[PDB]
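Here is the structure we will look at.
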Amino acid sequence: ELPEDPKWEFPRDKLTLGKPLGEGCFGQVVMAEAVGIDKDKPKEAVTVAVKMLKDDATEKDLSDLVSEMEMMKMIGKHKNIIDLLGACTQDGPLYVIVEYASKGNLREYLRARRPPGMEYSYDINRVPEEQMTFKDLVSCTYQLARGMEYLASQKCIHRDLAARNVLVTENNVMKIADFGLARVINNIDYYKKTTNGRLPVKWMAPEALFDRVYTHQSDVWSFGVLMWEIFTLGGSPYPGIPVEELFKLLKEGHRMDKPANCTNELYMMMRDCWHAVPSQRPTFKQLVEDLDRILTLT
Ligand SMILES: */C=C/C(=O)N1CC[C@H](n2nc(C#Cc3cc(OC)cc(OC)c3)c3c(N)ncnc32)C1
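If you want it as structure tokens, here you go:
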């Protein structure tokens, strides 16, 4: 049922599955070893992650996994985007092989690096994580701005940018992931007559929610929310406000208060990202240039 792609195909006999890696954010993912996947070291057994259907998989799960694979194929390689390494598409279950990120998603990464006593704080391995500096959070912000700048230039809309959908490698490299709702658009806005509301409310631009249209400027809105998450060390956006009441509040013009780890300059960048009129928000290219300069002064 799956056409062969010889340039991406990876032999099953070379891939050994290990332990499950969590589930919830990126579907069913497992650790694995793949001999000769890494062309740089084509004899070495490299650690990877494999996404695969569960026993309780639906028909849509299959098509979604295929679509994420092809989306990954067409997006291309970038330092701040999770890389497609290969795939197993014939004679057996569908395996999509991706870059391994040892430190998990950004949310949990930040939450483990929160001060003892704060909500959600926890010591991984029962050992305390070295504290997030200001430079670290801005570097995290910059890397993600770079990733989205690349995505935007590949004429692609993520539509679910959050810290839960960002992966973090051993060397603390940010890697945008979860292309479940990602689409390849043109210059005009993404609109469909048949509405589905599969987008998380608290990360959605108003035009996404009210007009059911999506642009690169909507992903900017979500980046503003991602900034807020970063600088609150994985805090829940619109704290104390249920999703149900946020429909009303966005129309009234509600925005989130300034994180205390954040500078005025950066919160302004946040507030610009949260402009009601999409073309009044900065572009990712602009966001990169600013974050460059700020990071340089640290
Ligand atoms: C809610 C948390 C989780 O479910 N996990 C925490 C971190 C664990 N984990 N997931 C992945 C992954 C992935 C992945 C991303 C992606 O983006 C486009 C596509 C695919 O397949 C299409 C898979 C990882 C990785 N990659 N490394 C380490 N831990 C991971 C699970």
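Residue numbering for the sequence shown follows the authors' numbering, starting at 467 and increasing by one per position. No residue lacks a Cβ here, since even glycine has one placed at the ideal position from N, Cα and C.
Under a three-way DSSP split, which group does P672 fall into?
Of the three classes helix, strand and coil, the one that applies to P672 here is helix, per DSSP.
Would you check if there are 3 or more beta carbon pairs closer than 8 Å linking the segment 669 to 682 to the segment 583 to 598?
Result no; under three Cβ-Cβ pairs closer than 8 Å.
Count the other CB atoms, across all protein chains shown, that sit within 10 Å of the CB of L757; report buried if there are 16 or more and exposed otherwise.
So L757 ends up on the buried side.
Less than 7 Å between the CB of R630 and some heavy atom of ligand 1, yes or no?
It does: the Cβ of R630 is within 7 Å (strictly closer) of some heavy atom of ligand 1.
Please identify the residue among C491, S619, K641, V632 whose C-alpha is closest to the C-alpha of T749.
Nearest C-alpha to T749: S619.
Whole-angstrom Cβ separation of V514 and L572, contact assumed at under 8 Å?
With a Cβ gap of about 20 Å, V514 and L572 do not count as contacting.
Per DSSP, what kind of secondary structure is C739 in: helix, strand or coil?
Of the three classes helix, strand and coil, the one that applies to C739 here is helix, per DSSP.
Give me the DSSP bridge partner(s) of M640.
Looking at the DSSP assignment, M640 forms a beta bridge with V634.
Any heavy atom of ligand 3 within a distance shorter than 7 Å of the CB on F476?
This structure does not include ligand 3; its bound ligands are ligand 1.
Have a look at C491 and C728 and give me their C-alpha separation to the nearest angstrom.
Computed Cα separation, rounded: 27 Å.
Pair every Cβ in the segment 488 to 503 with every Cβ in the segment 517 to 530, then say whether three or more of these pairs are closer than 8 Å.
Yes, they touch.
State whether the segment 562 to 577 contacts the segment 628 to 646, with contact taken as three or more CB pairs (one from each stretch) at a distance under 8 Å.
Result yes; three or more Cβ-Cβ pairs closer than 8 Å.
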